[PDB]
Structure formats: structure tokens, C-alpha cells
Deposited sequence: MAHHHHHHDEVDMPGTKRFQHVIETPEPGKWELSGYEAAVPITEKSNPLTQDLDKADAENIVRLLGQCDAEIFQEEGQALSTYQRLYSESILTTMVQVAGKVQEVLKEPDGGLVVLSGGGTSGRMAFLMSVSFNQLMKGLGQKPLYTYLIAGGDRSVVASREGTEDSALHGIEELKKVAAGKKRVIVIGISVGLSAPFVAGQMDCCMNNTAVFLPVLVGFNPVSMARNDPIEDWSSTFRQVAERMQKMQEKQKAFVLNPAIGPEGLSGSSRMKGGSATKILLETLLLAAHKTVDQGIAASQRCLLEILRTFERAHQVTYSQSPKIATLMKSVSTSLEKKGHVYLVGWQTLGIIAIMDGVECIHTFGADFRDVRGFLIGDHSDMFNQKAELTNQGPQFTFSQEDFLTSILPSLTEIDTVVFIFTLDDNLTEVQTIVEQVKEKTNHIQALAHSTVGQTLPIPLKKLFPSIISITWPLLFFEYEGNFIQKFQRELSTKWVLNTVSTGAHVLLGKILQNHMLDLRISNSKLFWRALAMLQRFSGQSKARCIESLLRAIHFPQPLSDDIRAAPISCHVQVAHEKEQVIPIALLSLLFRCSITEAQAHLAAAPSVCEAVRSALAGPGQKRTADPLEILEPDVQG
């Protein structure tokens, strides 16, 4: 019947109690799974939220058990990392005509960007010409914008890759997709494989290839799964690589900006730095050079979450200011400013939040007086301002800007990174009562700009900010168990996540979930055979423009009622979250 093909890949909803014996659950990609540790995230207080997320984050470093998924520390992964270092090196030895591309959509593209800069700094620092570039879905503007719609075109990925790959002779394309999901990346990998004289593709993500997306890509003939399966075959001859450890599910189901983004840095910085230090030593990269770096990153989780109580506090003050319709500001210097801005933007699509609700600033790029004159005026008793810097920063810029803000608001808080035995100028010190200071041991660093110190701090800040922004919103009751029910459908992945969530929370059939979703999307238009047969992009484009789509679909199912009825029931309830919560009961 119409819509049969569009929806063929969808698994049937399991009967009550057999979620598993169906094999529905064994098919849920790890990156889409519910994390058992957070099944009551919607009840944890600030302190537990920090603990549960710090624990989810810990799973990146957890080793493989004995019939189960390879992980970061597994020998198959580390060995692939070695052989990939190997190949970066070949390009490091012939810079002329050589290029290294790091590419993803959304947070994967964001991660790509940071790391491209870093490794270009390192090559510059040695007086060599920078060989790194990034690519992000929607172009460069996406790096600091919520633009969830642009990951959906394979042609567009291939375009940008063709652009940047100019008249280069040797090109390493590291396609980064956490879910092994983004059509943007799928197209690049496939293009690399049709020209391995020039291209070497390395696919990075955190699902088994058996769980990679297998739904049709609208501008492309093969699926992500097929693309990845073919890369895996080429790996035996070292012409493609698939680097895909399991890190376990996200604490907020499907929120791959968290662990997936963190693991992406951890994995690739490790690997790239190894390749660099070892080319200079004229020695092959080895599992042992990778491990040193991996273990430093693992200390970095420990170090970072040593400050949990102060993390939970800042969480409370972020959450308060948002429950009172105030705003939260994130002010930080160099690369940590950038990470600040990434976190705030991501709250827009992740939580349905205003750009002003949690916003980031670099000293978006608003310098000292500029920020003092324009942003500083608009503050308020209930707002929160957050300062994020190292002690190698312009601490005279810092204390000034804090001085002004202190009058306009008292809920200030800071996150400061020091090597041991650096001290905080006593003015600054007096301005913060419980400060989140994170002090790092000394480590022997090979290069000019201490790139290993940079990676530790960026990562630790990411964890802190992610855990804060995410927990702030959970506290406001806006998450259901460990799902964001009320998301904006802005791409095909998110369409599938909505449909899966409808099956999960209603328990009702596939066909009914699909119908209720399309009805809620296209209302006031009824279901026609055209709509049923439409490509998924048509549904996304209409759904993107609307509110409460998923809650309305779910009410419809729960009350076995029409869209008209569900909408009017929603409007006659204190809140979305109450309407849904009470219908589920």
C-alpha cells in the first residue's frame, strides 16, 4: 500500500513484556538506546544528575567484557588507530599535494573544526604548512549555529569535499558520524572509495556497522550501512578504515553531542598527536604511544568530576535563572570561549530553548569593551554569568569584566584551569566564593603550544558545560525518563527518533504510530496517499516549522482520539509535561 517502502525498514512494535524477545531492542542502535543508569534522570536532584552523567561519561573508558562490542581500549580498535596514524604519517612526509579532512554534521562538525585548528597550530609551530581542514554540514556558519536540517544531503557532502580537495594528490577524509548516520558523511566516504588513488576514507563513529543507518538517503542510492560495510571490506587492504568503538548509550537518549562528541575528540586527538610525535621521532606509532594519551584523557574525567559538588551548584543556579525566565551567559577565552558557544547553541535544538537562554561568548566573538558596552547593560538579579578561563589567560581582562557584572548580578561562578602551583590573583579570588578550579598535574610535553594540555582542558570544560546545560533542563521537568519527547523534527534521524519514541511510550503498533505522527505533522491536512508516499524530507520540512508535534501525536494515540481532540486537551492542561505525564498515567 502507499507509504510501504518509505517505512519498510521500521521494526514492528513489540507486545507488552516482550521488548527484547521481539529483537526490537537488539536492533536499537547503541547511540539511540536508553541508558539504564538514567532511567530516572527525570527524578535525580542536581547532585545525582552530575553523578549519573559523570558515570555515563565514564563508560567511554570501560573495557570490553567477555561475545560483545569492541570498545576504545579493545585491541581491534587500538590497532586500527595505529594503522590510521601510519597513514596520516605518509601524508605528513609528503605535504605537497596532501590534505587531511575532518568532517561531520552538527556536533561532529563542531569537533572537526576545533581539532583541525589545533593540529594546524602544531604544524605551524614547527614551521610547516598547515595540512588540516574541516568540513561541516551547511558550511562554516554551522560551526556556531543550530542548523540540524543540513546533515541530510549526500550530494552536498560530496560537493564540499570536492571543493576543498582541489588539485591535491593525497587526501585523508575522516568522516565523523556518531550514529554512523549522517548522509553528508555517507556521501564523502563513498566518493573517497570511488577514487582511492587520491582518497583514503576513515569513518569514525560509535555504533557497530550492523547498526549503521539503513534507510534510503534521498539523494543517494546506497545506505550508510552499505557504505560502511564496503569500507570495512577495504580495510583488509588498508584502503579504508572504520573506527567505531562502542561507548554505551547517552545519558539523555540520542544526545550524541555529549559522549559522542567527547569520544570523538578523545579518539582523534590521541591518534593524530601520536602520529605527529612519532613522525618527528622517526618511529612508527604504536599501541603504546596511543595508550599514554588515552590514559591522560581518562585521568581528565576523574579530575574533572572530582569537582562534582561545585558542578551541581552551578547547575542549580543555571536552572533557577531559567525557571524564572532569566538568561544564562557563558564567557570564556580562546578555545574555551568557542566550546562555550557550542554548548549554548546546542541547547536550542536539544531542549527547544531560546538562543538567549544559554549563550556563549569568546573574548558571538565580542571583545572586552564591546561586551561591556552592549551585553553588560541587559543583565539582572536572576541571571547567571559563568567565567571560563585558564590562568595563562589575560587575567586583567577577566577581573575587569567580572567586576562590572558583579554589580548587575551576584550569581557569578567560574571555571578555572591551572597547572599545580599557579595562583589566583587575590582580587579575582575574592570575587568567587566556591570557585570550580581544576588543577592539572605537570606532564612532559613535546611541542611548543602544549597541545596535550589544551585537549585536556577543552574536554574537561565540554564535560562540565554539557553536564550543566543538560542537567539544568532536566531539573525543569522537560525530559521524560531519559528521553527528550518534545523535540523539533528537523532531520530524518530525528523523525525516526520521534517514531521510535511513539512506539516506546504508547506501546501501539507501527502503522498507528506512523499515522498519528504524519497526522500531527501535516494537520490540518488529512492523510492522502501522496503524504503517505512522500519522501521523509517532506515530513521534516513541515514538522520543523511546528510546536508540540510529538506530544500531540502521542496524546492522539494514548486517548485514541483525533488531532483536534489532542490539541484541545493539550491547550487545556497546565503544561505539555503535565499533559503527557498524566496521559501516560
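Annotation: deposited residues 1 to 12, 79 to 80, 378 to 396, 619 to 638 are not represented by C-alpha coordinates in the model.
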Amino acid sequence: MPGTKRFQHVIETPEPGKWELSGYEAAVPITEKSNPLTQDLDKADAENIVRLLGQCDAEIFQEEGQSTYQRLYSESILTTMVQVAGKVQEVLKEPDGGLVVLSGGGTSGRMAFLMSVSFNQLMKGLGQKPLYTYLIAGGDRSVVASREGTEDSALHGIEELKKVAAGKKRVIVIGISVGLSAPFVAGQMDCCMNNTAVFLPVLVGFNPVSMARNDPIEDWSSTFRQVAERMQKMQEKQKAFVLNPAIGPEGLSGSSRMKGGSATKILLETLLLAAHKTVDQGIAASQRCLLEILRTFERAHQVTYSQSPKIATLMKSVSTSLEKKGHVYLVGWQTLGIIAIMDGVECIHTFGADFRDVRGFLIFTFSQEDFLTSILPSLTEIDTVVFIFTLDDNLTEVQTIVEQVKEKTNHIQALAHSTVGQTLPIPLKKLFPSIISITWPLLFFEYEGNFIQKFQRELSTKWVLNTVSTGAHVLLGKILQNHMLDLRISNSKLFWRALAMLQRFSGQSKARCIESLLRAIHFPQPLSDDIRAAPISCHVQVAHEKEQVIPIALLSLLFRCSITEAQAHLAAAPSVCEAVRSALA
From here on, numbers count along this sequence of modelled residues.
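In this text, the rigid core denotes the largest set of C-alpha atoms whose superposition between the two forms falls within 1.5 Å.
Here 422 to 430 and 386 to 394 are scored by the root mean square distance of their C-alpha atoms in 6 other deposited structures of this protein, with each structure fitted by the rigid core; the higher score goes to 422 to 430. Taking the mean C-alpha B-factor of each stretch as recorded, 194 to 202 and 260 to 268 are not equal, and the higher mean is that of 194 to 202. Stretches compared: 397 to 405, 299 to 307. Higher mean C-alpha B-factor in the entry: 397 to 405. Residues shown: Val173, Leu114, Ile375, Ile514. Highest C-alpha temperature factor in the entry: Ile375. Considering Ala228, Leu78, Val345, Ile382 together, the PDB entry gives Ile382 the largest C-alpha B factor. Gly65: CA B factor lies in the highest third for its chain, per the PDB record. Ranked against the other modelled residues of its chain, the C-alpha B-factor of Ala44 as given in the entry falls in the highest third. The entry lists a Cα temperature factor for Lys162 that places it in the middle third of the chain's modelled residues.
The PDB entry assigns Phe355 a C-alpha temperature factor belonging to the highest third of its chain's modelled residues. Sort the chain's modelled residues by C-alpha temperature factor and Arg504 lands in the middle third, per the entry.
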